[PDB]
Every structure is written in structure tokens, then in C-alpha cells.
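J.: Next input, structure requested:
(3 chains)
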Amino acid sequence: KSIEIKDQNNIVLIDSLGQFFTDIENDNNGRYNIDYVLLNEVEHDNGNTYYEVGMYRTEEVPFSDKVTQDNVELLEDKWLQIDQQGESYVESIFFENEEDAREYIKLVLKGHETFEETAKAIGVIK
Amino acid sequence: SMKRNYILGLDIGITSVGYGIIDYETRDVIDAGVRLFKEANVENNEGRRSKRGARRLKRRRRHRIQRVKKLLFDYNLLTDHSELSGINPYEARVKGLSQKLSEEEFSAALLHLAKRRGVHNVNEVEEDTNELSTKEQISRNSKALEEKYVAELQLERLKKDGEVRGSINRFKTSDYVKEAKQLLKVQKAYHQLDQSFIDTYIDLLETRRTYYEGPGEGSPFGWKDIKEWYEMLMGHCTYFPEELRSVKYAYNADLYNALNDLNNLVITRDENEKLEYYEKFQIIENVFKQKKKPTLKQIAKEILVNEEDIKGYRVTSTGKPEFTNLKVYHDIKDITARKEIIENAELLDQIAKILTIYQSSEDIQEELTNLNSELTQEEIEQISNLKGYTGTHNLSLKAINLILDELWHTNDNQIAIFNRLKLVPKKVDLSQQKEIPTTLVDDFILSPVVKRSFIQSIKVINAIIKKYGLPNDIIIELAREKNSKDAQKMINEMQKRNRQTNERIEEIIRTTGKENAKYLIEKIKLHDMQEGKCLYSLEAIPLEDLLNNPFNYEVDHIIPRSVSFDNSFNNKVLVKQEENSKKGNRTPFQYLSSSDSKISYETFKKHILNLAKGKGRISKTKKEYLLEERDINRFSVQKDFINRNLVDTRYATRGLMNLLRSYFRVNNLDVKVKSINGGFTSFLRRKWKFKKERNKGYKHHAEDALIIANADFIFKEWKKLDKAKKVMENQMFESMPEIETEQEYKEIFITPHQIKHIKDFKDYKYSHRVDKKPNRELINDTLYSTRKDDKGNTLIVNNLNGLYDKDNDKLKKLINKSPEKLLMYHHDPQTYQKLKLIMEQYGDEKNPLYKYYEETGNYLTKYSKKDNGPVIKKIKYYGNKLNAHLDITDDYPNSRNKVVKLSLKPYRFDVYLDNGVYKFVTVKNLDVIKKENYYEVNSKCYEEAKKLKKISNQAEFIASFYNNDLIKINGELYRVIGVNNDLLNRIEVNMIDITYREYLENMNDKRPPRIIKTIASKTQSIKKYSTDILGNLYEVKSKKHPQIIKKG
RNA sequence: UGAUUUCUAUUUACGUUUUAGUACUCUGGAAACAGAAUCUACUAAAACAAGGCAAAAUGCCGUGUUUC
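T.: Numbers count the residues shown, from 1 in each chain, chains lettered A, B, ... in the order given. Find the structure here:
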């Protein structure tokens, strides 16, 4: 990784750039664990601006029906409402360039900007 | 505000209630808005109830174990110095059947028997089968216990297979009781016991609560005795509040539905088109009581007519006529045909009630015998083994019989009878109600979605009445979809049929060469359904002539729209222009029974019948339209058509209408209420040229309201619509004018009166429902254990299951990508090498362990030198680093690892202004605890979180924000979603008039569809605003200090 | 364009986790055994929304509705 180690809690969010999904996991009950990640521009308390790649994991998203192309939208909706009502922060790693953080999310994390894209790419559906 | 003379339109959706206020005389838009709320889901209360039951089960198991412990302490078999750690309960349990046991192992045996004591009745277990039902497993185990005790079989299972626990460990209480009492009769010779000791222990071992006993004393879900149990299980009638609701499958309920079916029939014959009292009695006795499932053939044979002459019946999806079947009548008749039993309606009602509310064959037998009736003991025996009796009826038996009279002696159906009788809900005295009560909705047997939206609509009506005074007219439309899943289903089907029609149009253009087909889709589809035949002349409609000269053919409305009010495909036929011209405002039966026709009516009827038989090119609605032989000048026929195509007669709509009309009737308030059919409003909205797409926010919901309000206006402006106006209002109608042609109909309804003025409206209001409820879900379900890595972080440990499943490639992915995350990688390298060998051997397979098991019959076993290693069933691996969590390690004493739960669910956030900088502290659901009347924010946790945010003691408390509260950040108004990142002081908000997702979509923006904001030194202003249920804004005023006590 | 299931009761065997014992792995030893590791499994005993009542009791409550 091309990351930089910082003091991370006094960081102000400047511009939310992207939202990617890395894994949609079926727990083999009526629930799903959705791993996603955010790409933001942020300004440190010291003045320097970095690009934050923040990973989040939303667990126990209940969906009992088998998901199809006609169904993945509703799973995305339920994931969003479960994520809004809970706590899913894992960690944040920072970069100096937007291209470097985008490359990180692109290759080492395998993140898609569409929930449908990730569902088909990981094999949840077609 | 200032009271107005206005029409109020209501659009009740699954997540919204749109209101529109139009001036009654000037047709000008007075107001419009939407009330927005989250879609209710039965699964929320479902999970609540299931977890409550599971907690009860666990509590009662622990209490049984502790009571056995107390009994042992009583007889001094357990002391404060007893030690039972090393005792094996199976060995001790089988040894105590033949020899004296240590007091320690005797106590351990009794306790281990008390922990797992088997089934009383399989009906008590609502189960999803490890794939072999508990009843079948008990059968297997009892057949295996013919010469053994449970402990002996369990011990030989342990000694041979190494396991006792799992699916096959399902016994019944009888076998445990046998083993326990033999153990006791052996051990009483060596221990100073009592017969009271044996009786008490056996009782503790086998006793449990019944379905009719319920929870113990002090429970809000319990009851005092069996009478209160029955009365709480049934509930009370809406119209006769001291009567209890009937069971669903009572005999009189089935007879009521059957008479409703019979009164709906329209028989073409020389005699009365409607079945008469003697005829209905003959049909009930000779067909419904002789055939379990009556068919149209049998009914037609009973009245000596043919099947095609009977119309107006319910239908399956296979197209077969459907009629109510007397369930309990034929269930008892198959056991006994005695007239004293099956021809006693009240006796069959009692039998149905007993079969429904009792869940045991023995209790059913006892309660049947306790009916001092003429049923024999063997008849009761046979009846106790019946199945399928569930559900409670809407009505009491009293109302059922009261309406049974009207069903027998009139030809009205249930809807017409209820509309004529106009029964008043009496569970709440509408006489002393200052506004429309919302508690009556809680009684209705309805989906929670429609329940919530009905309550919201009632409160919107109350607020509108308080603001603008009593309305002149109220018009209501309820959404067709029952939930979001149904909405997605309908969207998918509509997209499918649009795709298919586009394909057919495109290949028509390809074959014929002309793009004209792009603008003739309706005529082309009608041509397809009719197989290129003009249904009034039966001449051929060449597709080339239709595509070249489309005005040679016209879309005629089968039943004239002046009476039918039907604008759908079911009331349309592509005919020759001259046929439509000569037909006029008549029906096919009237036009083809005339001098103006070119063919007979019977030729047309034969053609229509054979065309309806094949491939569903005719809908049943269309067929009963074409063969409508009644005089549509009769007022009854016009009332029927208005009730079908203009009124919403769904049960939920009828219940809400009854409640509203009753409240207005009782208080002598002259407010005319009607519920419009959604097909008619769709027609109106289309002809008024509203866009098909709804992509500009919630205002559409208000728009629709105004639309139907506008529609209501029409029905008051023209006297020739009076009949319709009075049928939609359910008012008894008294040289009346009438719409005489279809051109007049289109002039009345298509003319865009004030439509541009409705489209130009900009002062829409929005109300979002705020959620302040404490004691929601506090933490996630999953129970995690953690490790501490070399670098000092805490990692969560995940489990990997289904290692030998055909489709599970997760272990293969993990081994190929990150082997070091497996715990066996570091702590058992030889087993990991075994696993990697297996993975590489079948690497081209999706799950190599699955193919390994199928090829070798071996699982993955732990590495062994003597190959005695255990089977590996699940694999632990390292997850993410542990962030904020709930530490539950104290529940597990001396635990080497920290035990955690994840995702602390937030409750609210309190914003303070501290020496010029805005800060906020997150109140979690775990921080709110109920104290005996009220929910209290724990002051210790609150001050802890305040200090963690470095909030001064002199900081000024600004406000508290819950879900959907209105926040004003830097002069911009959003609605609060919740805390997004507490550590980073990041909250989440959304827009008010539209979701941020669709806002971005309209501009084709690919930004993340979530508005996340930071609250820090850069924040200039933070204010709180709230609205009433109508969306009227007001800034929140006060509260120098945060709320610590909450009502709940 | 093409017709009500809410609310609620009782129970079994599972499942996740911790501790203890045993089995498996490693080291030392002739052995008796003892350590190391805590991975995989069996058995028992406990906890399973945070927690709050209540005191021998087929004991009770804790994820729903409503949020103006």
C-alpha cells in the first residue's frame, strides 16, 4: 500500500468522492453482510488535505427471499436502511493522491460503485 | 387558518399520505402536501414476538434447573461443598439404574435429566426440520428404546460414535420419566428419600405450561382464567362490542359466504335473473351440502339451466368458477351423516370453535364432551383428529346471523347489505369524539402497512379539519400495491409487457415496412386479441388496412362509458367505423337485437364464447361485458357498474369508509365521503396529460391528491352525474339528465379544467415522521470472540461453516488470497497443509472440499499420527479490527479472550455550542434504560460520552436530533438520518422534497447518494425545525437542557 | 389501460461464546509424567439483545404499535 499513517480523529470531510462495494456475503440464514468503502477528500486539523479510504461493514441485513436481477434492488434498500440505523465504521486509510486511493480501491480491494455490479461480480446473482 | 369551503383529496400510499385542498366553488388549489413515513413490516413485530418467546423458554429452562437444585439442597444431596465438575452424567445415569450413586453423581444425574427432558406434544414445537421432523425422530428413538432407557442409548452412542448431542437427541418426556423413576426407585434404597421427593422431581421433570394457561402472574400478555384466555384470543366485534368475534371456519360463516356467492349470480333465463329464496335454499341443500367443492355445472343442473347462462361468479387463476365450500359441514358429515349433528348450525359452530381455539386432540375431545350434545364418544374421537381450523372472523356470530337474514331474503351481497344497513362502530362512542378516533384501526384485521397508512390518513384528516374547518367533500384513493414487494412485482410485470409490446410493434414494422404501427399500439393489440375480426360484424380487419387507413376502424367501448365508467382494455373492441357509428350508446346485446345490426346476437355470442375459450384472448370481464343482456337503463345495473368501476370495494377501503362515514353520521356533520377507483383516476391523470414518469420527489403524492380532488369537483358540477355522485357517497338516490353519448362523456371528464393551474402549484408542504422510540434493537445478534495480534490490535474471529457445500467457495478464496487469516494457519500448520493439499488437488473445482468428500467419503480431519483426528466442521479465521463495540466478557468468567457484540445502535445526538465551536454527543440505545415508568438517559454514560467529545461544562446545549427531525446546517434545511461517524463528528442527512438519490439521478450525477456532513469549527449555524402532520414549518423553540426522562 | 391475517400462547432439539475435563499437535523424559500451543473435536456447566423486577414461584418484563 501507498498509505500514510496519521492522527485521524480531528479530520474534516471536504468532499465525498465515491462509494464502492467490495463484498456481499450471504450468512446462509435470512441475513447478509455487506462490505463497502468510501473515498473522500478530507482536510487534516494541521491543514494538509488527504484522500480517505474508509471501510465499513454492515452485518445482519435481513433478506429471506432468493435474490435475482428483479430482487437485488430491494436487498440494496434493506442494506441502506440497516446501515443508517447502526454502527459500521471499521477503519480509514489515507493517501496523498486521489489516483493512488482509487487504485487501492480498484485492485487491492476489488470495489464496484454499483451494488448490482458487486452482486453479479461476487456471484450473488448472474 | 381561515375556514374554507373546500374539497379534500387523500392519496393513501404504503409510505405516504398526500392531501390536496381545492376551493369548492372556485376550483382553485388552496393547499397541498404529503405526510411521509416508513413502510410498516410485520417482520418487526414477528422478530419481537419470537425473541420474547425464546427468552421465556430459556428463563423457564433455567428456573426448572434451579428448582431441581433447590429440591436437592432440601434433601441434603447438594451442599455448598458438593463438587460435580468431573462427573459424567450419562455414566452416572445408567449406573444409578443398577447401583448406588454418589450423592454428587446422583445430583448431577438428576440435574442433567432436568436440563433436557424431551417433548410433551409435537404440536407445541413450531419447527423447520436437522431435516428429519421431531415427530419422526421420536418415533425412531422410541422404537430404538424398546429394551433400553434413554441414558443407556445415549451412553452407547457416546461410546461408539463419540457424540450424543444433535438432531438424533430428540426424545419425548415419557422416556425420560421412565428412566428417572427407575433411577429413583433404585436410589431410594441408598439415600434417605421420600415419596414426596419422587413426586416433586417427576413433576418438575415433566411439567410445562399449556397454550391456554399462558405466562405467570404479572404478565401483560397473560390472563386470569380460561374465559379471559378465550376472550383475548378472539377479540370483540366492531359493531356489537360485547360480542366476541366468530371463528373463521364456523358453519354460519361458510353459509354466509355461500349465500354471498349465490346472490352475486346473474342467471340468463325466462324467470327472475336473480336466485330466489326457495332457489337459494334448494341450491344450498342439494349442491353445497352434497358436494364438498360445488361447481358451476352442479348449480346449473340444480336450477335446470346451462353454464353459459350463469354469470357473475368468482374465478380461480385457472379460470374455473369458484364457490364457497362448507368446510365444517363436510368435515363432520364424513364422520357422521346424522341429521341431529350436521343439520344443527349452532352445534357445527361450536365444533368449529373448539377445533380452532384448542390445539390438542385430548383437549378437543374433552371440550366436545363438555358440550352436553347428541354426539357419540366415537364421533368425538374421530372429530378430535381434524386439521385446517385456523383464523378468526371479522364479525361476531350475532352480526353474521343478522346479515344471514338479509342474504336469505334479499339478493344483495355483503357489500350492498353493509352499505344499506350502515352499522356504526360501537367499541368507541363516536358520539363523544371531538375528532376521528385512530384506535378503531388497531382492531381491523389488516396488513400493518395499510394499518399504519390508515392511521396516518385519519390524523391528516383531523389536522386538515382543525386547520380549514369541516370539508365539504372528501375523496380518497388507496394504493393498489400491498407492500414494496408487490410494488416491485407490478413494476417488473409492466416492464415485461412493455418489452413484449415493443417487440411486436418492432417486428410488425420490420415485416410491413411502415412506422405507422408505432402510433397504433392500442388498435394493433385489439386486432391481435380479436384475431383480426371486427367483433360486431365478424368481418376481417386486414392488418394492412388498419396500418394504412386506421380511421376505417374505431375502438368502441363495449358498455357505454356513460354507465360503465370503464376506460380499460376490458371495455374496448376494435370494430369497423360504421359498426361503432350505428351502435351508438347501446350494448352489443341491444345493438345486435336491433334493425341497425348486420348480424344476429347469437352468432356474435357463439363467436365471443369460442374466442374466449382459446388462449385467453378474451378476459372474463370483457366476455361478461360483451354478453351483458341487462337493460343498462335500469337503475340497479347502473349502480352495479358504478360500484364496480368507480368505487374501491376492497375490504380495507370499505372499513375506512365505514369508520369515516359513521363518525360524520353520528355527530350530524354533513361531510360527503367517497373512495374512488384507481383505474378511473389513472385514466383521468393520463388524459389530463400528466407525465408517465414520477422523478421529481414526494410532491407527486400531493399532486395525485389534488387530481382526485379535481375529479370530485366534476361529480358535483353536473346534475347528469348525480347518480354516480350519490353512489360513491353511499347516499340513497331519489326527468333526470344523463350523459347520452361518449363524446359528452369525454367532454365531461377529459376536458383539462384547471390542470395547468394544478401543475403550476409550487407551495407544497412535507411532513416526515420523527422516531423517538426508546428500547429498539440495542445491539446485533452475533456473539463474537476476539484475539489480540502481535501489533497490539484486537481482531474479531469469524467462523466458516458449510465447508463441504457444493457452492461454498469462500474457504478456497480465503486460502488462495489470505491463508494467514486462518487460525489453523498459525496454530496447527500440519492440518492447514492437509487442507491446502486438498484445495490444490481439486483447485479447478468451486468447493474442493465438496469434491474431496464425494470422491473419498472422508471429511477434513485434524492432522494425526495415528489418524484418530477429529472431523473438522467449521474453521475459525481473523476478521476486522475491533472498533466500537459492546463488551460482554463479564458474562464468561476467567475468559482469556474478550467477548464482544457489534454495531451499537444509535438513539439520537445532542448538539452543544462550546466556546464558538459546534460539538455533538451521540446518545446510544444502550444508554437509555427503563426505570419503572419512564425511559432515562444514564447520566454516567452521558457524561462519559460528553467528556470523550471534550464538551465543556459551560457549553450551551443547542438541541437534540432524532431520526427525521429537521436540521438547519449553514442555512440549509435537511432531515436527519442519524449519526454516521461519531468519532469523526459526521452525521447523515437527506433532502425534504425528494431523496438525494433521485436528485442526483435527475442531473445524472454519480456522486455517493448519501449526504454526510461534518460538525466542527467550520460549522457556522445549527438550528432545529419541526413540522406538524401537514408539513407546516416551525422552528423549535427551547429546552436549555437535554431531555433525560422520556415517556415512551 | 388489462382483490382482509392483524394481535397473541405453549415447547423441543439445535446454534454462537466462555470455563473445565478429555482427545489431537509440539517439546522434554527410560518411565512415572510435566510443560508448550489454545488450533480441531466430544462431554458437562454456564451466558445469549444492555439490563430490570421478584424471592422456592408450571414466577415476570426487556427489539412491536404511536412519535403531533
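
J.: if I pick whatever residue of the stretch 601-750 of chain B ends up closest to RNA strand C, what's in contact with it?
T.: For the stretch 601-750 of chain B and RNA strand C, the shortest gap (Cβ to the nearest atom of the strand) falls at residue B:679, measuring 3.0 Å. C-beta coordinates here come from the backbone N, C-alpha and C atoms, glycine included. The contact partners of residue B:679, taken as Cβ atoms under 8 Å, 6 or more residues apart in numbering or on different chains, are B:566-568, B:645.

J.: Return the member of these nearest to residue B:847.
T.: Nearest to residue B:847 out of these is residue B:568 (Cβ to Cβ; 52.2 Å).

J.: ok, and the closest non-adjacent residue to the closest one?
T.: Nearest non-adjacent residue to residue B:568, counting by Cβ to Cβ, 6 or more residues apart in numbering or on different chains: residue B:679, 5.7 Å away.

J.: can you give me phi and psi for the one you found?
T.: phi -60, psi -40 (degrees, to the nearest 10).

J.: For residue B:572, see how far away it is.
T.: Note on residue B:679: its distance to residue B:572, by Cβ to Cβ, to the nearest Å, is 13 Å.

J.: Can you give me the neighbour number for the closest residue to chain A within chain B?
T.: Going by Cβ to the nearest Cβ, chain A is nearest to residue B:1008 of chain B, at 3.7 Å. By other Cβ atoms under 10 Å in any protein chain shown, 20 other residues sit near residue B:1008.

J.: swap in the one 5 residues further on?
T.: Neighbouring residues of residue B:1013 were enumerated by other Cβ under 10 Å; the total is 19.

J.: Just say helix, strand or coil for it.
T.: strand (DSSP: H, G, I helix; E, B strand; the rest coil).

J.: thinking again about what came up before, show me the contacts for the closest residue to the residue of chain B closest to chain A other than its chain neighbours.
T.: In space, residue B:1008 comes closest to residue A:19 once its chain neighbours are excluded; the distance is 3.7 Å by Cβ to Cβ, 6+ apart. Residue A:19 is in contact with A:36-39, A:113, B:1008-1010, counting by Cβ under 8 Å, 6+ apart.

J.: Can you flag the buried ones in those?
T.: A:36-39, B:1008-1010 (16 or more other Cβ atoms under 10 Å in any protein chain shown).

J.: Could you report the neighbour count for residue 107?
T.: Going with chain A. 9.

J.: right idea, wrong chain: chain B
T.: The burial count for residue B:107: 23, using other Cβ under 10 Å.

J.: same check, this time on residue B:499
T.: The number of residues packed near residue B:499 is 10, by other Cβ under 10 Å.

J.: Which secondary structure state is assigned to it?
T.: helix.

J.: quick one on the thing from earlier: and the gap between the residue nearest to residue B:568 and residue B:642?
T.: 13 Å.

J.: again with residue B:87
T.: Taken as Cβ to Cβ, the span from residue B:87 to residue B:642 is 81 Å.

J.: Just the element for residue B:526, please.
T.: If you go by DSSP states H and E, residue B:526 is part of helix B:521-529.

J.: Which residues does that helix contact?
T.: B:501, B:504-505, B:508, B:517, B:541, B:543, B:546, B:550, B:553, B:555, B:569, B:572-574, B:617-618.

J.: Please identify which two of the buried ones among the contacts of residue A:19 are farthest apart in space.
T.: A:37 and B:1009 (15.2 Å).

J.: What's the local residue count around the residue in chain A positioned nearest to RNA strand C?
T.: For chain A, the residue closest to RNA strand C is residue A:29, as judged by Cβ to the nearest atom of the strand, at 9.2 Å. Counted by other Cβ under 10 Å, the residues lying close to residue A:29 total 10.

J.: would it count as being in a strand?
T.: No - Residue A:29 sits outside any strand when classified using three-state DSSP, being coil.

J.: Give me the buried positions along the lengthiest helix in chain B.
T.: For chain B, the helix that runs over the most residues, judged by DSSP state H, is helix B:42-74. Buried residues in helix B:42-74, counted by 16+ other Cβ under 10 Å: B:64, B:68, B:71-72.

J.: now do stretch B:498-512
T.: Buried, per 16+ other Cβ under 10 Å, within stretch B:498-512: B:505, B:508.

J.: Please see if it touches chain A.
T.: No - contact of stretch B:498-512 with chain A (Cβ under 8 Å from any Cβ of the partner chain) is absent, the minimum separation being 13.2 Å.

J.: so how far is the longest helix seen in chain A off the chain centroid?
T.: Within chain A, and with DSSP H defining each element, the longest helix by residue count is helix A:72-84. Relative to its chain's centre, helix A:72-84 lies at 13 Å (Cα atoms, centre = their mean, to the nearest Å).

J.: Also stretch B:37-44?
T.: 8 Å.

J.: how long is it from one end to the other?
T.: In stretch B:37-44, first residue to last residue: 16 Å (Cα to Cα, to the nearest Å).

J.: one step back: I'd like to know which elements the longest helix of chain A is packed against.
T.: With contacts defined as 3 or more Cβ pairs under 8 Å, 6 or more residues apart in numbering or on different chains; DSSP states H and E, the packing partners of helix A:72-84 are strand A:31-43, strand A:49-62, helix A:115-122, helix B:484-512.

J.: Past that helix, which element shows up next along the chain?
T.: strand A:89-95.

J.: After that following strand, which helix or strand is next?
T.: helix A:98-103.

J.: Among the buried residues of helix B:42-74, which one sits closest to residue B:31?
T.: residue B:64 (62.6 Å).

J.: Contact partners for the closest one?
T.: Neighbours of residue B:64 in contact, by Cβ under 8 Å, 6+ apart: B:114, B:117, B:204.

J.: Narrow these to those in helices?
T.: Here DSSP H is the test, and those give B:114, B:204 as lying in helices.

J.: Adding neighbour count and distance to residue B:270, write the contacts of residue B:64 out as JSON lines.
T.: Formatted as JSON lines, these follow (neighbours: other Cβ atoms under 10 Å in any protein chain shown; distance: Cβ to Cβ, whole Å):
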{"residue": "B:114", "neighbour count": "22", "distance to residue B:270": "79"}
{"residue": "B:117", "neighbour count": "21", "distance to residue B:270": "73"}
{"residue": "B:204", "neighbour count": "20", "distance to residue B:270": "77"}
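
J.: Between the contacts of residue B:64, which sits nearest residue A:119?
T.: Nearest member of those to residue A:119, counting by Cβ to Cβ, is residue B:117, at 46.0 Å.

J.: wouldn't that closest one be in contact with residue B:175 here?
T.: No - with contact defined as Cβ atoms under 8 Å, residue B:117 does not count as touching residue B:175 (9.9 Å).

J.: Contact partners for residue B:1014?
T.: By Cβ under 8 Å, 6+ apart, the neighbours of residue B:1014 are A:12-13, B:984-986.
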